[PDB]
Amino acid sequence: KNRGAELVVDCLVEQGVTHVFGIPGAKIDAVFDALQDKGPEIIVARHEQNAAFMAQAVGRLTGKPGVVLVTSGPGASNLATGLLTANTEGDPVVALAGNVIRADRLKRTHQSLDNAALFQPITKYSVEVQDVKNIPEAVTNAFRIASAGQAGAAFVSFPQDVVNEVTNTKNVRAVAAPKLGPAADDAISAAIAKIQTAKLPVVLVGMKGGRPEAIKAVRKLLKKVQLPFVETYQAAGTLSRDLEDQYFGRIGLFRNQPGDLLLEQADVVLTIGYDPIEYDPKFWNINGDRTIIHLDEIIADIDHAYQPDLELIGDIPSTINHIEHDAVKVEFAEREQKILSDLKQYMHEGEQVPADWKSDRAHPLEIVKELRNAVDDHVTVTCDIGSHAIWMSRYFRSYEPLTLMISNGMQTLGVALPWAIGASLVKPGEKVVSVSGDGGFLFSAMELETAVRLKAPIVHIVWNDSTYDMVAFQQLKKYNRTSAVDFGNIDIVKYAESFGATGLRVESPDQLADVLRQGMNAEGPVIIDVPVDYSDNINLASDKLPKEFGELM
Amino acid sequence: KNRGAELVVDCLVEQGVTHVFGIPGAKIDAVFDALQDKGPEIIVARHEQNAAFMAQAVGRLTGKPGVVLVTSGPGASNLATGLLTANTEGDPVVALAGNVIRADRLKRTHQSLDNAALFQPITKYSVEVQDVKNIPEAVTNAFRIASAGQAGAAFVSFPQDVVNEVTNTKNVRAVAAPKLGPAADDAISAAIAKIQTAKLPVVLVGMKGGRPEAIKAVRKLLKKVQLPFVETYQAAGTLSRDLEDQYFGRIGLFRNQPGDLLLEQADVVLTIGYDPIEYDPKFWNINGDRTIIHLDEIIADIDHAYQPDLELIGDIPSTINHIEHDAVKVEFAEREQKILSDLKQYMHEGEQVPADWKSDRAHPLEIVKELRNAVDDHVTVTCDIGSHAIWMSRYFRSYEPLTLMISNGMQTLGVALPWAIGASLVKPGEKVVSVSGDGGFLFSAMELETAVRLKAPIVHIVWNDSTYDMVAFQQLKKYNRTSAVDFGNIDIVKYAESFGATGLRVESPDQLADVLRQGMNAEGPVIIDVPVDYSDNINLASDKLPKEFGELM
Amino acid sequence: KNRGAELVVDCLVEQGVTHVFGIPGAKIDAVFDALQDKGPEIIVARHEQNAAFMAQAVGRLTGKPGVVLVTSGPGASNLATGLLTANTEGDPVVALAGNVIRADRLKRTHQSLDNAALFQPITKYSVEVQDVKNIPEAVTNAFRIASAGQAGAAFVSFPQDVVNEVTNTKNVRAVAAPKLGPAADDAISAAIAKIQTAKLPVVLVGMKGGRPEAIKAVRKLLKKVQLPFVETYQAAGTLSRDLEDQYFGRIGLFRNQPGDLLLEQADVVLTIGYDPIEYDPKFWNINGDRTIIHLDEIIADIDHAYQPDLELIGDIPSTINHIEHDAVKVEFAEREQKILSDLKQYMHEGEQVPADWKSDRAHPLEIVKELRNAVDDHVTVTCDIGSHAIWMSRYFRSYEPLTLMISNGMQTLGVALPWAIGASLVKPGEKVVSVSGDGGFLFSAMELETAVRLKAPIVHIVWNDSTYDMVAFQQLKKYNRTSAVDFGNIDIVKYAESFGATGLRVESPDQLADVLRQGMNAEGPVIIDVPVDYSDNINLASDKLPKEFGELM
Ligand SMILES: Cc1ncc(C[n+]2csc(CCOP(=O)(O)OP(=O)(O)O)c2C)c(N)n1
Ligand SMILES: Cc1ncc(C[n+]2csc(CCOP(=O)(O)OP(=O)(O)O)c2C)c(N)n1
Ligand SMILES: Cc1ncc(C[n+]2csc(CCOP(=O)(O)OP(=O)(O)O)c2C)c(N)n1
Ligand SMILES: [Mg+2]
Ligand SMILES: [Mg+2]
Ligand SMILES: [Mg+2]
């Protein structure tokens with residue numbers, strides 16, 4: 001029809017977008033109309049927050065920007081947290097939003113605000129198009145900027161008259177953002193030299209080390225050089241079953257893990273795609289004096305506790321390959337071998353249900369174990385935020401890239417189920433597993449209607465305790481009292497059923513394996529109610545292990 | 001304990017705040033701890049969005065800022081829409097949010113962002129406190145600005161170390177924002193003179209004419225001077241059964257109502273507390289030279305279609321009282337009486353179900369009528385956004401200030417149920433009615449747990465059609481096709497039941513009266529499923545009436 | 001012609017603007033072109049900064065916004081300090097700036113930036129017009145907001161294509177911002193009662209008390225009730241020769257003046273149009289409980305040291321008149337008479353050159369005295385920032401509204417000379433005196449070419465010491481050493497002459513009176529070089545007086 005709206009759809013077509021997540025409204029209507037003629041499939045969301053989470057999941061899983069499309073005013077403002085989350089967790093997302101006509105842009109008029117100014121602090125790129133001619137340029141740059149390292153959120157606002165205006169404007173080529181080359185040669189050489197001369201060189205795999213191509217490169221380096229390593233939460237899946245012996249767990253949240261003690265003992269740390277948001281360096285880079293090699297697609301943030309002696313800036317997998325090719329196996333002296341062994345044993349003890357445990361409900365580690373054992377390595381598992389997520393982030397092994405998805409920048413409640421829906425669209429023919437607490441579940445559970453409507457093969461595990469627990473035990477640790485953490489319980493089975501989904505319940509802890517398998521074999525979306533005992537949770541913040549290990553040394 | 005957190009709580013105590021809506025988190029924990037010792041009762045929300053909506057309703061109902069308290073990062077960013085909606089709909093709200101420690105404010109660290117920069121474009125006042133001493137000043141000023149005409153949102157962010165820091169800083173007195181005097185005497189005199197000389201002076205009652213004290217003054221003026229009048233949606237409740245003959249209904253959305261024709265025929269229009277966001281002056285102030293008198297607490301926005309001949313700026317009720325005191329009854333000539341008379345007849349016809357109507361579902365006007373007949377004058381009714389809300393906004397009579405609440409600034413989906421919860425807390429012991437479509441219902445339906453937890457006597461009416469209808473019929477008018485408006489239906493009765501609420505269904509249109517009454521007579525929260533036939537909705541945007549009236553003229 | 005540019009000019013004509021200060025450039029050309037056909041006279045500045053200062057002076061002097069017109073990029077950005085200064089000193093200014101065409105607004109292209117975002121934090125109103133039809137609305141609203149209390153800066157940006165676009169858009173009426181009524185009667189009565197019952201009530205005249213209409217009202221109040229009073233620097237001109245006995249000087253900068261001690265001894269303080277930027281309440285409102293009555297056009301800022309017991313909010317002059325009408329003469333008991341008398345003696349001693357003074361250069365007080373004696377009451381005197389301005393702000397009497405202009409919000413160097421040029425344009429045919437130090441002189445001395453071109457009868461007094469002295473003596477008090485306060489001297493006489501102006505020099509202190517008079521009797525701009533001895537400056541910050549009065553008490 002030659003409107004600005006058609007230019008928007010044309011960009012989405014050129015970009016290879018297959019799904020647009022959105023909710024329509026008057027100001028953005030023409031784009032939704034143009035999408036009836038051609039373009040990506042519209043996935044109708046039940047809340048713009050969830051459309052944004054779904055777009056985030058697509059960006060994380062495909063490396064190409066998830067797309068969310070909304071109307072003016074509350075349509076756009078409902079995107080705030082979603083875009084903020086994607087923008088701090090390395091996920092490319094392009095948001096497209098309506099606004100009032102240019103002529104009324106300054107007025108007190110229905111659903112008008114400064115769209116661009118609102119998204120400026122929470123996006124890589126936030127613009128409003130004020131001439132129909134500029135649409136293909138603004139949108140194309142939005143895609144490129146969202147994808148370029150470090151990937152993030154891009155926001156483009158369209159005044160209603162701009163998307164409705166008839167124009168003879170041409171589209172532009174979807175010029176793909178090009179990758180950087182590997183880090184400079186002298187820097188690669190210096191890193192190899194730092195690793196070979198080290199008493200105990202260790203690898204810290206972070207956010208951008210968790211991409212598939214980076215994991216593949218990391219694995220070769222780890223196997224050849226036989227470096228011990230650790231994961232941040234978003235680096236989950238770096239581990240392969242072959243590397244279990246060199247693996248020292250997931251660091252984060254509280255400094256009391258074997259990975260912390262390993263990092264303390266290292267004299268050289270090679271960090272890969274490390275965004276410190278996942279775990280501030282003031283937590284691990286302590287004790288004193290150790291070499292930091294910072295390997296990433298962008299330069300490091302300088303911190304009191306993070307002053308890289310060496311920066312290898314460039315494309316991450318290429319850089320890792322250069323190191324791998326010329327580095328040789330590292331030989332450990334006996335002192336360090338013993339250290340590695342002890343930490344490995346402490347690690348194994350940390351993963352066990354306590355000897356003095358008895359309960360009418362499952363221990364978190366029982367839920368983790370049974371879940372891991374009922375789900376194939378290749379199945380994508382998404383996780384929400386809370387005490388369950390501490391357990392999952394630490395103890396749920398993952399062995400394939402992008403099969404354990406966690407919000408570890410913004411720690412945003414409600415992401416798990418919509419992430420799973422985004423995942424299922426990206427992985428047709430595959431089950432997707434989502435895990436949340438009961439608090440976070442209701443943040444986005446209305447999107448279960450979307451899952452049912454799509455007949456998505458999603459299995460949602462709700463850890464049921466009836467509190468905002470992650471807040472609660474930290475409150476007890478600081479103040480010895482809780483505040484605003486209690487709510488009533490709902491019937492999760494019947495909630496599921498009211499949406500036309502399947503609802504299951506682990507009625508007693510011994511039924512865990514059977515019910516989980518039943519979910520994996522059920523038709524359509526499943527919600528599983530899993531009662532959990534959280535009395536052991538305060539130990540997630542316990543300082544026993546760093547003290548024990550300190551006495552040993 | 002004497003922390004910054006105690007200073008925050010002391011301010012709430014001095015402000016006379018009885019309820020704080022919020023969700024705790026690590027960064028804002030100390031304030032929630034301090035609220036255990038004293039201060040307002042904490043209402044735990046199931047989403048910060050709903051906490052903000054609840055605070056908005058308290059603000060609208062009480063004239064004192066509703067208070068919402070949230071943690072850093074996604075805690076704060078989830079407030080965006082809530083605060084924006086309050087900021088543009090005249091509702092005083094104070095938001096208090098946590099942030100990361102000052103030393104790390106610039107870092108990539110968990111849940112960190114420029115809180116103040118984010119809320120700057122969508123609030124009257126958006127600040128971050130960087131010294132514990134400044135807390136009582138920042139908070140007190142936030143309350144005053146939130147309350148001062150025109151009322152809106154204020155946002156205050158606290159870095160974690162600021163609220164945890166021990167200090168001997170003194171509280172400040174809660175100096176209440178003072179009301180203004182009436183508009184200048186000469187402006188009042190001139191306004192009276194222009195009204196007395198008019199062939200057809202009419203009153204347009206707007207957003208700030210909808211406050212109890214303003215409605216009280218407005219009614220005396222209307223009664224004595226015998227002016228025809230019209231309401232904006234947020235002026236609902238201005239009407240008394242005694243003023244029905246002077247009442248030409250609610251204007252808004254589409255220019256096709258008797259109220260539009262009244263305004264066109266007027267030679268003098270007195271607007272009262274008129275925020276043009278409810279209905280742009282370009283829609284009604286057309287086809288002819290006409291005198292505009294702007295009575296408000298703030299100066300007017302100048303528009304092509306709104307250039308006031310006179311501005312009466314000052315305290316609204318006292319200004320109206322000065323006019324009422326010296327104005328006298330207006331005498332209509334026979335020509336103008338017939339105009340008024342004909343418009344009243346057109347109005348009556350518009351409120352009727354068409355004669356050739358037959359359906360297996362309720363007509364929207366049957367739902368409006370039966371609902372109104374089942375609800376006592378004093379009961380607060382909240383409304384959501386959509387086609388249902390158009391029928392309610394036009395045809396649901398209200399006879400008391402603050403008994404029909406509509407989002408007529410941002411038009412935000414999901415407000416109705418959380419608004420009903422806020423209302424129930426402001427008016428303990430009273431039923432509160434909430435009305436939504438099936439689309440908007442799921443935007444906020446998770447807050448049903450809160451309602452059940454409080455044993456709130458809320459009765460929620462769901463208009464069931466299975467689409468985003470308001471978008472849909474407008475798409476058909478423009479494009480002769482819809483886009484992205486379809487979703488599946490959920491079982492509303494079973495949805496309600498899973499929360500421990502009561503679910504009812506109008507299974508056939510003849511049971512509407514009984515089922516409504518059954519809801520009004522139940523204990524605890526009720527959700528009512530009401531099937532509706534929307535085939536007449538397209539006529540809501542029809543130009544038939546202005547055309548018919550044009551020929552008559 | 002009927003482009004957007006013509007709509008801009010039509011707005012200036014309707015506003016009654018007689019002078020536009022500006023510098024042309026490609027992006028804003030059309031407006032400058034349109035100004036050749038009709039509208040205000042263009043005054044070409046030699047720097048946009050100075051164009052802003054000149055507009056600020058016009059706003060302060062006329063109460064109608066000074067108007068500045070600049071191009072895109074560095075044209076607009078050169079306005080920052082000027083607008084920031086106007087915006088915090090109560091001066092109405094409207095800035096009109098160009099920008100890049102809409103299509104290229106997001107590009108790296110010559111002179112493009114987000115204009116509106118830049119000016120957002122430093123203006124009352126900062127907007128960009130994106131549709132030619134919106135021009136008349138945006139501009140008219142800019143004038144009203146700049147003028148509305150509290151007056152400040154409004155900024156409007158025009159993309160080049162918007163102002164070059166041919167349009168049938170109509171102008172809008174220049175609807176003048178309406179006056180508020182006085183404060184409410186009950187607040188007035190209460191203030192009168194508190195004043196009558198006071199042992200020692202005093203008036204603090206502030207920024208918005210310095211307007212001609214307010215001073216006029218203030219004078220009646222002070223005369224009838226016989227209240228002692230003090231001025232802030234921007235309240236200069238409140239004094240008349242008849243009120244000298246009730247006059248306790250100008251407060252500000254350092255707490256060591258009779259006015260501070262007066263305020264301390266007072267039990268009731270009526271502040272008038274008080275913006276605390278001129279002197280923070282934490283300096284004067286100390287050592288004891290006292291009643292604060294806040295009289296202003298806007299609500300007060302609540303501070304630890306400022307919690308008004310009463311707020312009288314409304315039109316300032318009317319509110320004062322209402323007080324004056326019903327208040328009666330205050331009777332002082334002997335204790336208070338002695339306090340007042342003691343303070344007048346201290347005040348009189350403070351205005352004298354020390355007896356032990358001997359120097360080969362003038363004492364600051366000799367310059368002040370001689371200048372005052374060489375300048376008629378009506379002549380506007382503008383002042384810069386520095387040690388010279390402390391002497392002037394304290395000791396230069398003014399007897400007429402708007403005849404001593406000081407930057408007491410931002411304290412901006414360089415204002416004096418451009419302010420004098422603005423003044424000379426507001427008051428054609430009158431001499432204007434400008435006073436600066438040698439440091440601030442060069443901040444804006446290039447505008448001397450503008451003064452010479454206009455043949456403006458300006459006499460500029462340069463206090464010559466060869467340092468940034470106000471910084472220097474303050475550095476010595478804190479650190480006992482200076483840093484970066486020294487620069488070389490220029491030949492001020494030759495500087496003046498190179499511009500085609502007259503340069504004079506006070507070669508010895510005894511020629512002070514005659515050289516100044518020689519400047520006042522000269523034709524065209526004159527710069528006067530006056531050597532000054534700053535060895536007594538450190539006493540401006542001396543704590544001597546408050547200690548002596550403390551011992552006396
Ligand atoms: C949007 C948002 N609000 C608040 C928080 C702070 N917060 C962290 S964990 C938590 C509660 C988690 O509760 P739940 O989902 O039931 O999981 P559980 O800890 O009980 O296993 C909250 C409110 C957050 N991370 N995100
Ligand atoms: C947060 C938000 N998203 C989108 C819109 C645009 N919008 C206006 S009405 C409507 C659909 C309402 O559907 P429903 O609640 O089922 O009521 P119905 O129209 O069917 O009566 C939408 C999506 C909006 N006003 N607010
Ligand atoms: C734009 C700007 N830069 C710096 C300052 C800081 N400052 C305040 S007073 C002063 C000294 C100015 O020296 P001068 O004009 O010669 O006056 P003097 O003190 O020597 O009389 C300075 C630099 C300022 N007020 N404004
Ligand atoms: Mg829980
Ligand atoms: Mg619907
Ligand atoms: Mg100097």
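Whatever order the structure lists ligands and atoms in, that order sets their numbers, starting from 1. Letters go in sequence order (proteins before strands), and every chain restarts at 1.
- Counting only heavy atoms of the protein, atom 9 (S) of ligand 1 lies nearest to A:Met470 CB, 3.5 Å.
- A donor and an acceptor atom, one from each side chain of B:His388 and B:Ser436, are nowhere located under 3.5 Å apart.
- Residues B:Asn464 and B:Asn489 have side chains that bring a donor and an acceptor to within less than 3.5 angstrom of each other.
- Looking at heavy atoms from C-beta onward, B:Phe443 lies out of side-chain contact with A:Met446 at the 4.5 angstrom threshold.
- Taking atom 15 (O) of ligand 1 as the reference point, the nearest protein heavy-atom neighbour is A:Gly440 N, 2.5 Å.
- The distance from ligand 2 to the heavy atoms of B:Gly437 drops below 4.0 Å at these ligand atoms: 14 (P), 15 (O), 16 (O), 17 (O).
- The shortest N or O to N or O distance between B:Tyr468 and ligand 2 is not under 3.5 Å.
- Relative to atom 24 (C) of ligand 2, the option among B:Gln411, A:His110, A:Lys27 with the closest non-hydrogen atom is B:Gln411.
- Protein heavy atom closest to atom 18 (P) of ligand 1, with residue, atom name and distance, is A:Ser387 N, 3.5 Å.
- Under the 4.0 Å criterion applied to side-chain N and carboxylate O atoms, B:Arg361 and B:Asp533 are not assigned as salt-bridge partners.
- For ligand 2, the polar-atom distance check against B:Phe443 finds no nitrogen or oxygen pair separated by under 3.5 Å.
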Next on the checklist: Please determine whether ring-ring contact (aromatic ring centres under 6.0 Å, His included) holds for the pair B:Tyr468 and B:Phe487, giving the CA-CA distance in whole Å, both sets of side-chain angles, and the decisive distance to 0.1 Å.
Outcome noted: CA-CA 8 Å; B:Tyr468 288 140; B:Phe487 46 81; 5.0 Å; yes
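- Only the side chain of B:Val471 comes within contact range of ligand 2, with a heavy atom under 4.0 Å; no backbone atom does.
- Between the B:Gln160 side chain and the B:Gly98 main chain, no donor and acceptor come within less than 3.5 Å of each other.
- If you look at the Mg ion (ligand 4), the protein N, O or S atoms less than 2.8 Å from it are A:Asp438 OD1, A:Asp465 OD1, A:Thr467 O.
- Under a 4.0 Å N-O distance rule, the pair A:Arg46/B:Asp438 does not qualify as a salt bridge.
- Under a 4.0 Å heavy-atom criterion, B:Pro24 is in contact with ligand 1.
- For B:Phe21 and B:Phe53, the distance between ring centers is not under 6.0 angstrom.
- Note: an N/O pair closer than 3.5 Å links B:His388 and ligand 2 by distance alone.
- Counting heavy atoms under 4.0 Å from ligand 2, residue B:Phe441 does not touch it at all.
- The protein non-hydrogen atom at the shortest distance from atom 5 (C) of ligand 2 is B:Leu413 CD1, 3.8 Å.
- Between B:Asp29 and A:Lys478, at least one side-chain nitrogen of the basic residue sits less than 4.0 Å from a carboxylate oxygen of the acidic one, meeting the salt-bridge criterion.
- Nearest approach of A:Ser157 to A:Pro159, heavy atoms of both residues: O-CD, 3.7 Å.
- When each atom of ligand 1 is checked for a heavy atom of B:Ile23 under 4.0 Å away, the hits are 23 (C).
- Side chain of A:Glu89 to main chain of A:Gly409: a donor-acceptor pair is present (N/O by atom type, distance under 3.5 Å, no hydrogens or angles).
- Ligand-side atoms of ligand 2 in range of A:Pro74: 1 (C), 26 (N), range being under 4.0 angstrom from any heavy atom.
- Shown here for A:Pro74 and B:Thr412, the closest heavy-atom pair between the two residues is CB-OG1, 3.7 Å.
- Distances between N or O atoms of B:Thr412 and those of ligand 2 include no value under 3.5 Å.
- Closest to atom 14 (P) of ligand 1, if we only count protein heavy atoms, is A:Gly439 N, 3.6 Å.
- Applying the 4.0 Å criterion to heavy atoms of B:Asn78 picks out, from ligand 1, the atoms 1 (C).
- With distances taken over non-hydrogen atoms, the option nearest atom 21 (O) of ligand 1 out of A:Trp463, A:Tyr534, A:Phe487 is A:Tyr534.
- Residues A:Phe441 and A:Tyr495 place their aromatic rings such that the two centres sit under 6.0 Å apart.
- For atom 3 (N) of ligand 1, the nearest protein heavy atom (residue, atom name, distance) is B:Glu48 OE2, 2.7 Å.
- No hydrogens or angles considered: nothing links the side chains of B:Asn50 and B:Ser444 as a donor-acceptor pair under 3.5 Å.
- Between B:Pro24 and B:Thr71, the closest heavy-atom pair is C-CB, 4.3 Å.
- Heavy atoms of B:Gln111 come nearer than 4.0 angstrom to ligand 1 in at least one pair.
- Ligand 1 places these atoms under 4.0 Å from at least one heavy atom of A:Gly386: 9 (S), 12 (C), 17 (O), 19 (O).
- Atoms of ligand 1 found under 4.0 Å from any heavy atom of A:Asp438 (numbered from 1 in listed order, with element): 16 (O).
- Closest approach of A:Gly73 to A:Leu113, counting heavy atoms only: CA-CD2, 3.5 Å.
- Residue, atom and distance of the protein heavy atom nearest to atom 12 (C) of ligand 1 are A:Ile385 O, 3.6 Å.
- A perpendicular orientation is assigned to the rings of B:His363 and B:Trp391, their planes being inclined by more than 60° (bins at 30° and 60°).
- Per-residue contacts place B:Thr467 under 4.0 angstrom from the following atoms of ligand 2 (heavy atoms of the residue considered): 13 (O), 16 (O), 20 (O).
- At a heavy-atom distance under 4.0 Å, only side-chain atoms of B:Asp465, from C-beta outward, approach ligand 2.
- Between B:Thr88 and A:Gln111, the closest side-chain pair of non-hydrogen atoms is not below 4.5 Å.
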